[PDB]
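Please read the structure below before turning to the comments.
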Amino acid sequence: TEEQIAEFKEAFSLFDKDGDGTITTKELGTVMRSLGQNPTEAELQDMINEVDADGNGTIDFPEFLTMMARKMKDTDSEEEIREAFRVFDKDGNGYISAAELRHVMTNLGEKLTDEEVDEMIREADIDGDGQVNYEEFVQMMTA
Amino acid sequence: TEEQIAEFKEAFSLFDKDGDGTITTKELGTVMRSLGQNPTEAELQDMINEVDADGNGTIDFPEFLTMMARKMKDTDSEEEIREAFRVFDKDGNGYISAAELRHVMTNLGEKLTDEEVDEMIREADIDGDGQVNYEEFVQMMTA
Amino acid sequence: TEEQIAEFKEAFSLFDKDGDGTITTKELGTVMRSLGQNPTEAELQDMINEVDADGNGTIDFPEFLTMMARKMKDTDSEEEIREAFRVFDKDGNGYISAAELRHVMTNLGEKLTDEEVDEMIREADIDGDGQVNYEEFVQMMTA
Amino acid sequence: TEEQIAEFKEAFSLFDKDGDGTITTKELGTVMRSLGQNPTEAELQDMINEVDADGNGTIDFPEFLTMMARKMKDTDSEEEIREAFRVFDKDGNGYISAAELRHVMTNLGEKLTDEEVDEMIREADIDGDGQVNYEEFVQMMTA
Amino acid sequence: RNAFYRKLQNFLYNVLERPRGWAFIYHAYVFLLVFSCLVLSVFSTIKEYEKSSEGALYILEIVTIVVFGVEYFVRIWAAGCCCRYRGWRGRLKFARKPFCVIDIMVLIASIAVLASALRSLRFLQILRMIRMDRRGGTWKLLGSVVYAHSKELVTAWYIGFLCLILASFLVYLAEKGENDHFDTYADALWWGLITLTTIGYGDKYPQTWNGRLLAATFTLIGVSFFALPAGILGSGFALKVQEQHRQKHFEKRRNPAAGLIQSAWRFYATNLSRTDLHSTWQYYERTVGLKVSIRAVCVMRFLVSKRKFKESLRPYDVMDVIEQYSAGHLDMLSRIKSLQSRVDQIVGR
Amino acid sequence: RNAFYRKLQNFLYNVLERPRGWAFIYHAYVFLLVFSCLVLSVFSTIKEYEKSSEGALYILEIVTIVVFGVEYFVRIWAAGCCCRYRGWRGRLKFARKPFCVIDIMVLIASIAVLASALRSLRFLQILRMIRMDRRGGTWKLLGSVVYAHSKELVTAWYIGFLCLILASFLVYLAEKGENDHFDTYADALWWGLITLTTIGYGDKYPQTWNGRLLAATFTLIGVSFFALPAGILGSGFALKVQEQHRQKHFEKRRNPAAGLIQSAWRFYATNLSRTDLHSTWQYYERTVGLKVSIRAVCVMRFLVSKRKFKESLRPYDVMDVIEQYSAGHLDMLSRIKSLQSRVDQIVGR
Amino acid sequence: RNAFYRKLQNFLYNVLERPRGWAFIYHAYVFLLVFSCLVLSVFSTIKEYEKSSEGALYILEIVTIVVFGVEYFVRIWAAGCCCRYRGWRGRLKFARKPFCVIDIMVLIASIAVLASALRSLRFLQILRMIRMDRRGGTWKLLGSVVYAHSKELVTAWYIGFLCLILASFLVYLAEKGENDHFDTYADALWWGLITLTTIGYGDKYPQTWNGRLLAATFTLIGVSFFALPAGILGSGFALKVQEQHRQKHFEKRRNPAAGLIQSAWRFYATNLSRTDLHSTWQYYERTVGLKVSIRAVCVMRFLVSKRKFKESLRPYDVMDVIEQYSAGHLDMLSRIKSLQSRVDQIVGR
Amino acid sequence: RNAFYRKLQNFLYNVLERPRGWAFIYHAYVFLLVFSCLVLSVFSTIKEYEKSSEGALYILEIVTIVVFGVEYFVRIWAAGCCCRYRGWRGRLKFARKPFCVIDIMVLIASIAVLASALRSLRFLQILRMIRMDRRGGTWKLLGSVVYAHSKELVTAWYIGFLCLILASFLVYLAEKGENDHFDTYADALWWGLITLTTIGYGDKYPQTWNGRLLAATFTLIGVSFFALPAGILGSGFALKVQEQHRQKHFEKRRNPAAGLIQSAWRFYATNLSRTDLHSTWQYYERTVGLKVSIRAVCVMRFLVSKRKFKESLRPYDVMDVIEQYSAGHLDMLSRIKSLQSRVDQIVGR
């Protein structure tokens with residue numbers, strides 16, 4: 001709809017600082033800083049490789065729209081996320097204890113808090129036993 | 001018997017410094033220091049992995065009692081100690097000279113003095129020839 | 001002809017600074033510096049391994065003449081340059097985009113400017129489509 | 001003969017500095033220094049492993065005598081020295097140019113001067129062509 | 001017992017579909033069942049034993065079709081653990097899966113055979129025998145290692161083929177007269193193919209001195225060139241599973257994996273698919289229009305997470321030491337240059 | 001000579017039980033003895049040579065049962081070097097060991113045969129032949145490498161089995177009429193199995209042009225797929241013993257081993273099992289209730305020693321460079337960051 | 001369409017000459033064509049099927065000679081993409097290439113056969129069959145791996161040869177009397193060669209007890225020593241293509257490659273072969289007789305570039321870690337000594 | 001031409017003794033000569049071709065004994081390049097070498113045959129055939145790789161032996177009645193041994209349904225277990241020569257080698273074996289009783305040189321990276337501790 005189109009247009013002009021019809025990497029740096037996190041140069045450049053398609057060095061409005069338009073069903077990330085779960089599927093059966101989810105998720109890399117990881121459990125472990133069958137979660141959301 | 005139970009209870013209250021019904025890792029550090037040796041943090045943590053069973057971060061009285069209750073016969077350390085002797089069984093026959101025992105034992109890692117290593121020889125080399133058949137020693141004590 | 005012989009003789013006396021009938025490695029260093037580039041000692045020594053044949057430590061007039069006398073047809077560098085193109089023949093078909101030539105050539109090692117690399121394209125890509133069949137270029141010049 | 005026995009006895013008392021009936025490693029250090037070279041501790045210790053047989057830490061008169069008593073024929077160094085020549089037998093035929101002998105010998109490790117390496121050539125290359133058949137030299141002296 | 005309901009459905013889907021341990025025992029028993037059906041059908045075509053053959057064939061065929069029927073139906077029932085097959089449309093697309101169509105096909109087909117069709121019976125048994133694979137992984141592994149070793153296999157077969165022609169032709173020339181075995185060049189080629197493969201029937205053996213002398217020289221070359229591809233592919237599988245073992249123990253991609261799930265939940269929690277999402281929303285309004293701002297930057301973070309996961313998804317055994325030592329020493333170069341520069345800044349004071 | 005008594009008992013237990021060097025010569029001679037008994041018993045069933053067979057069989061059987069008897073009895077006698085078998089109850093539990101029960105069983109059994117039982121004789125000889133292993137290490141190594149390579153072996157046999165069915169069926173169709181060899185599909189399957197394994201009896205060979213043409217195409221595939229598992233398992237054993245060699249030379253677990261014995265004696269000397277223990281007790285009252293204090297901390301030290309020994313018990317060849325380079329470079333990261341921080345503390349002044 | 005003209009010429013030269021992908025399908029179809037011609041010519045010599053054989057042979061031979069003719073001619077036409085073959089003299093030297101001479105030879109030859117010559121026909125078909133290689137890479141790879149493993153192959157064949165002589169001689173002695181099979185030592189050698197290679201004709205099998213006993217011992221050694229070179233060469237190809245795979249993924253010679261082309265164009269632009277060259281000439285008159293000065297130093301730069309490229313042209317898998325760790329640690333030695341010296345210069349203040 | 005005299009003696013000793021290149025062509029021609037003598041002697045025992053056989057045998061035997069005679073004599077003549085064989089006593093000890101005694105033995109022996117002895121002729125030809133080795137390296141390499149893989153070979157043969165007994169026994173039971181092939185257990189064992197080795201004579205094949213069914217199950221196991229040692233030893237030689245190649249390219253022992261020759265000449269020049277030695281003597285009286293002082297310290301230097309050479313004489317491929325990374329990182333530990341200590345000495349100021 002045009003509402004979300006103009007909504008991403010406002011997101012474009014909020015990303016935009018100097019007003020060159022595109023979003024440079026420095027705008028990405030200063031908006032990530034605007035939330036509190038201080039990223040590295042190569043990080044923002046990698047983000048550009050995620051968004052841009054013509055290879056200019058910035059983020060235009062079409063590529064930003066395309067990045068915001070697609071959902072998990074439009075990603076082909078089923079095998080990707082199942083492999084990522086498999087690396088933390090230690091025994092290889094398909095199950096991990098909820099406390100182990102909290103421990104790993106909240107202490108590895110881009111960690112989160114307890115309410116968020118518990119939300120992951122309540123959304124992944126459907127019947128609610130703490131023993132999560134990751135395939136039900138990835139075939140629910142990712143697909 | 002209740003005598004050794006209360007004896008380990010006194011050992012529990014001697015390990016205990018603040019009195020929380022358990023033995024923290026810092027109490028382990030300060031009692032090892034109380035003997036003269038200054039251990040590292042990870043060392044005491046590894047000791048916790050040896051003693052504790054529920055995974056709390058301290059040493060309660062039940063786990064301390066269980067650690068003190070079992071003997072070498074209750075360890076399943078026969079193959080373990082035979083392999084450790086095998087690494088110092090250079091020729092592989094089953095024998096090492098008593099002087100080589102002294103040299104290695106008193107100069108490798110957690111070394112001891114001469115009376116102690118000679119006690120090891122008098123307890124390992126049964127007939128007393130200096131040429132120790134390690135299997136007789138491990139099948140005498142470890143079992 | 002004797003014109004080019006005396007021309008290389010003047011090049012010999014321009015390489016020559018002290019006048020010992022040969023060209024030392026230091027003369028090479030100071031003439032490379034005379035163009036602006038500051039080379040390393042081992043670099044000039046490697047150049048000596050390229051020119052000299054009797055193994056003295058300098059560059060005499062005969063070896064300098066022989067180095068200047070031979071052309072690409074007198075080098076046996078067909079397979080050499082085809083392999084060097086193959087390492088930048090990523091797909092392995094025999095073609096590279098002209099912009100990729102510019103990017104790599106002008107940003108890898110002993111890089112050049114844009115007019116020079118475009119001259120490489122106009123001389124390598126014969127029909128002028130940007131998609132260079134490197135074998136036509138190496139069988140044109142190198143042979 | 002007793003002449004060489006007392007001669008090595010004088011060498012023993014010249015090695016000896018404090019007079020304990022043996023030659024310590026420090027005496028080795030100070031006599032190597034007495035010639036100008038300053039060796040390392042581990043070097044002298046390795047020399048002790050060469051000389052001593054009972055494992056004391058010093059060099060007694062019997063072991064020093066035995067080290068001085070044996071000749072190249074009493075060393076079993078035929079294959080050893082032939083392998084050492086083989087590592088510098090680059091082509092593997094059995095021959096090396098005399099100039100290459102000088103270059104390597106006088107610039108590798110415990111290098112010598114020109115008269116000494118030329119003496120090696122005059123003693124190794126029997127007929128005197130510079131192209132040394134190392135096997136004739138090792139079957140002449142080493143055996 | 002709806003939780004126990006779903007637990008039993010889970011266990012069924014676990015054993016019936018991708019198995020882990022002792023489930024191979026169930027598959028082994030159905031394997032032996034269908035295999036004994038095959039063997040008995042083979043015994044059926046023999047004239048004498050036909051009576052006992054059919055006398056057990058009817059019964060055991062009913063047993064195995066009942067087993068296949070319940071297996072198929074409970075597989076459809078157990079497909080609930082998978083979300084893509086849930087309810088009418090999901091389970092019916094699961095019925096649209098080609099393998100399951102072949103399965104229900106042979107079920108109804110065999111029942112129709114019971115409702116000169118014996119040749120069709122053995123054909124259907126070969127079909128249901130191939131059915132046991134369910135994956136095609138066998139042909140995939142074979143094609144992988146063949147395509148890898150393609151040039152060496154072609155070399156072995158090509159040079160062996162030339163050795164076959166040459167040896168057989170020379171023998172034919174030397175043994176045309178005093179032997180009725182080699183009457184044409186075709187029979188000679190039959191001899192060559194039978195010996196160089198080390199089969200050795202014995203119908204045609206050289207019975208001269210020229211022929212036996214020539215064969216005695218070309219046999220050590222023939223039998224060595226026609227038995228190369230077996231050894232080549234054998235050592236190929238061995239080396240491949242050996243490096244797959246090594247790479248199986250060195251995953252080391254747990255960090256980008258956790259990052260994948262991390263920013264995946266960041267995206268979902270920031271996605272507008274649900275309104276009750278506030279926990280992660282609050283987690284970003286605390287660590288400080290704004291919705292889509294954090295959303296867009298989070299989608300970028302999830303895309304770099306997905307690509308970083310894709311990169312670290314392929315760590316090898318030799319590529320580990322190679323790439324990490326190139327990286328390690330280049331970082332070391334930055335270390336030594338930073339060392340000299342900073343200690344010169346100590347000298348600069 | 002009680003020390004010489006125990007020394008001779010030691011030497012007997014060394015050769016009879018786990019051997020090191022030339023003891024395989026003794027075991028070789030008893031191997032040849034029992035094997036020649038087997039061969040002679042085989043010669044016994046032949047009708048003509050029966051006389052000389054039994055004429056040597058009685059005598060040599062008495063020889064080998066005497067040898068087995070003294071071997072068993074002196075093994076019981078030499079079990080003294082092991083502490084678990086010392087005296088009545090220890091040596092009797094050694095007699096309770098299942099292998100020794102089988103041994104005394106066949107001894108008394110053969111004597112009872114001497115006190116239509118010839119079939120039982122050859123059965124007992126096969127039993128005592130299996131007896132020579134004493135370890136089961138053969139089946140253990142075989143099962144290890146088979147279970148490792150299980151999927152590739154299954155692939156080879158499965159695709160070869162399909163090639164067997166297809167080739168044999170086509171041949172049967174093409175060679176039903178003008179050949180009495182292939183009369184049913186079972187005889188055709190016999191032909192397929194005999195050729196694809198490169199046995200080649202020669203009883204059934206194709207005698208047409210369709211059959212020989214089809215076989216000439218499917219033979220290069222059959223004989224290559226039925227001889228894969230031999231080459232696979234062969235290269236499997238080769239690679240396994242090669243990496244076992246590498247890992248045998250890189251033990252490097254001597255440090256935790258000495259630590260194991262160190263704190264093991266620390267525990268025993270601190271344990272209340274003996275009152276004469278004061279040397280190590282004094283060693284801790286010098287380096288400064290207290291008994292159990294040092295005891296408990298020593299038991300913890302022995303447990304971390306045992307677990308550290310367990311960890312360092314498995315250093316590999318590739319895991320050595322991999323783990324030590326990950327560790328080495330991460331330590332290096334701590335080095336470079338400590339470098340910059342401390343030289344900044346030099347800048348901070 | 002002169003650009004499209006040259007594009008089509010390019011595509012023809014791509015598929016006809018060195019192929020990349022699906023071009024193997026075209027070569028496969030001409031392979032099957034010439035192979036079916038071979039098979040039909042083989043069927044021609046059979047007396048009965050001669051009629052249908054020739055009835056298809058004439059036609060299909062015309063088809064394949066037309067295909068070979070157009071292939072040859074369009075190959076000459078497509079040689080334009082290569083510069084060495086451009087115009088009369090270039091394309092005629094391409095006609096002077098020996099392989100193309102053999103090709104035009106067999107073309108005109110077969111046409112002359114159409115313009116007792118059947119034996120010449122089959123000979124020509126074997127020739128054109130070898131023609132399919134076009135590279136000689138098969139014999140090159142074979143010779144490479146044979147010369148590498150030469151000593152082990154010689155060991156296997158030599159010890160197997162001695163086992164053949166010994167076993168066959170003993171059998172001959174033990175089986176001269178009561179068997180008409182072994183009548184001389186030559187027939188005994190024939191038996192030995194036929195069994196140790198696991199061919200097993202069945203014409204000569206031992207029919208005694210001495211002979212069968214001796215063969216039963218020497219067979220486990222013979223068949224194991226005569227089937228070694230097959231397994232050796234098999235594992236040889238496997239390991240060779242495995243390390244070629246590893247080295248194929250670790251080229252890392254891109255830097256000297258770009259340097260090669262860089263200074264190559266530096267030389268050409270400085271070379272006096274063209275007068276319009278000023279861009280690079282200006283590039284050096286800006287970054288500041290002089291022509292030959294920059295020329296000579298550039299030729300030296302191109303020679304060091306060529307030699308550096310030659311050095312980095314051979315990076316291995318194990319040589320990478322070995323040489324780069326020797327280099328890495330020696331650089332590290334320079335680092336630690338520079339560390340101590342420079343921090344002593346901080347102490348020296 | 002005494003220098004040319006010794007040069008020609010050198011070249012003779014080079015080709016006759018340890019060869020490098022094309023000398024294998026000379027040895028090949030004498031190999032073919034003696035081999036054709038063997039083949040002709042084999043043709044001699046055949047009754048018909050005896051005439052032409054002896055007619056070429058006498059002449060060619062004279063040729064090969066003349067060749068062997070001159071080879072032996074010029075080998076004695078060319079032994080001058082070796083110092084251990086120089087003059088009467090040296091060359092006579094060279095004649096005392098056992099191999100040369102065997103050589104002169106067969107020479108004079110054959111001449112004595114010319115001065116029912118035909119069996120002795122063929123025996124002597126087998127002897128002189130073994131003579132071609134001259135090194136025993138074949139048996140040495142074989143024994144090395146067998147002793148390395150001893151346990152796996154024993155496993156394969158042991159389990160295959162049990163499979164042979166079991167399968168043959170079951171077949172014998174199932175095929176005693178309706179077959180004259182299997183009449184005793186010995187003939188059944190002959191069948192088992194002939195099939196499991198994939199020889200397949202065809203004299204005894206199962207002719208029942210129980211027997212063929214049992215054989216059809218145990219054949220896939222027999223033929224796989226009896227063809228394991230061939231593949232095992234094959235891959236063994238392959239891996240061994242592959243690591244020998246790697247270790248051949250990574251000698252890196254040149255430094256202790258030059259040190260060996262360095263201090264070796266230091267010892268000889270300091271040794272009292274010659275009085276003209278002053279150059280190195282002066283080299284030590286310049287770089288400053290004293291004779292033996294420098295002598296003793298030099299002998300110690302030569303002994304540490306010899307032992308250091310012995311240590312560096314064994315650098316491996318995996319031991320290189322392993323030991324040098326342990327060393328590299330431990331040196332690195334000394335580096336980081338020296339770093340912190342010395343920068344603390346900068347803090348200490």
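Identifiers in the structure tokens: chain A, B, ... in order shown; residue index from 1 per chain; ligand index from 1 in order shown.
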With a cut-off of 8 Å and counting only C-alpha atoms, select all residues of chain E in contact with chain A and give the selection as a PyMOL selection string.
chain E and resi 3+20+81-84+251+253-263+265+279-280+283-284+287-289+292-293+296-297+299-301+303-304+310
Could you please take those selected residues and save C-alpha atoms as a PDB file, in the first residue's frame?
ATOM      1  CA  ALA E   3       0.472 -32.994  24.869  1.00  0.00           C
ATOM      2  CA  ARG E  20      18.719 -41.458  14.366  1.00  0.00           C
ATOM      3  CA  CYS E  81       5.044 -32.526  13.672  1.00  0.00           C
ATOM      4  CA  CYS E  82       5.968 -30.770  10.424  1.00  0.00           C
ATOM      5  CA  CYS E  83       4.140 -27.452  10.147  1.00  0.00           C
ATOM      6  CA  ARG E  84       4.004 -27.442   6.336  1.00  0.00           C
ATOM      7  CA  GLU E 251      32.219 -27.008  12.776  1.00  0.00           C
ATOM      8  CA  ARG E 253      30.214 -22.042  13.232  1.00  0.00           C
ATOM      9  CA  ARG E 254      28.288 -21.794  16.513  1.00  0.00           C
ATOM     10  CA  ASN E 255      28.982 -18.059  16.831  1.00  0.00           C
ATOM     11  CA  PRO E 256      27.306 -17.035  13.522  1.00  0.00           C
ATOM     12  CA  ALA E 257      24.583 -19.615  14.220  1.00  0.00           C
ATOM     13  CA  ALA E 258      23.607 -18.001  17.520  1.00  0.00           C
ATOM     14  CA  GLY E 259      23.914 -14.630  15.795  1.00  0.00           C
ATOM     15  CA  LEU E 260      21.549 -15.923  13.113  1.00  0.00           C
ATOM     16  CA  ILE E 261      18.826 -16.849  15.603  1.00  0.00           C
ATOM     17  CA  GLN E 262      19.567 -13.680  17.598  1.00  0.00           C
ATOM     18  CA  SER E 263      18.921 -11.189  14.813  1.00  0.00           C
ATOM     19  CA  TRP E 265      14.199 -12.959  16.529  1.00  0.00           C
ATOM     20  CA  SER E 279       9.704  -6.905  25.098  1.00  0.00           C
ATOM     21  CA  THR E 280      12.385  -6.491  22.420  1.00  0.00           C
ATOM     22  CA  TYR E 283      14.705  -3.468  24.910  1.00  0.00           C
ATOM     23  CA  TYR E 284      15.550  -0.965  22.170  1.00  0.00           C
ATOM     24  CA  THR E 287      19.073   1.126  25.261  1.00  0.00           C
ATOM     25  CA  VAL E 288      18.680   4.527  23.554  1.00  0.00           C
ATOM     26  CA  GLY E 289       9.025   6.584  12.673  1.00  0.00           C
ATOM     27  CA  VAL E 292      10.687   1.392  11.070  1.00  0.00           C
ATOM     28  CA  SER E 293      14.019   3.015  11.983  1.00  0.00           C
ATOM     29  CA  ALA E 296      15.338  -1.242   8.933  1.00  0.00           C
ATOM     30  CA  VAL E 297      18.632  -1.250  10.839  1.00  0.00           C
ATOM     31  CA  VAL E 299      16.871  -6.068   8.911  1.00  0.00           C
ATOM     32  CA  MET E 300      20.330  -4.944   7.792  1.00  0.00           C
ATOM     33  CA  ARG E 301      21.753  -6.563  10.931  1.00  0.00           C
ATOM     34  CA  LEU E 303      21.172  -9.756   6.534  1.00  0.00           C
ATOM     35  CA  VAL E 304      24.803  -9.307   7.593  1.00  0.00           C
ATOM     36  CA  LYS E 310      26.932 -18.343   5.144  1.00  0.00           C
TER      37      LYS E 310
END
Would you give me, as a ChimeraX atom specification, the residues of chain E that come within 6 Å of chain G, using only C-alpha atoms?
/E:155,198-202,224,228,231-232,235-236
Helix (DSSP H, G or I) residues, from DSSP on the backbone, in segment 18-80 of chain C, as JSON, numbers by chain:
{"C": [25, 26, 27, 28, 29, 30, 31, 32, 33, 34, 35, 41, 42, 43, 44, 45, 46, 47, 48, 49, 50, 51, 61, 62, 63, 64, 65, 66, 67, 68, 69, 72, 73, 74, 78, 79, 80]}
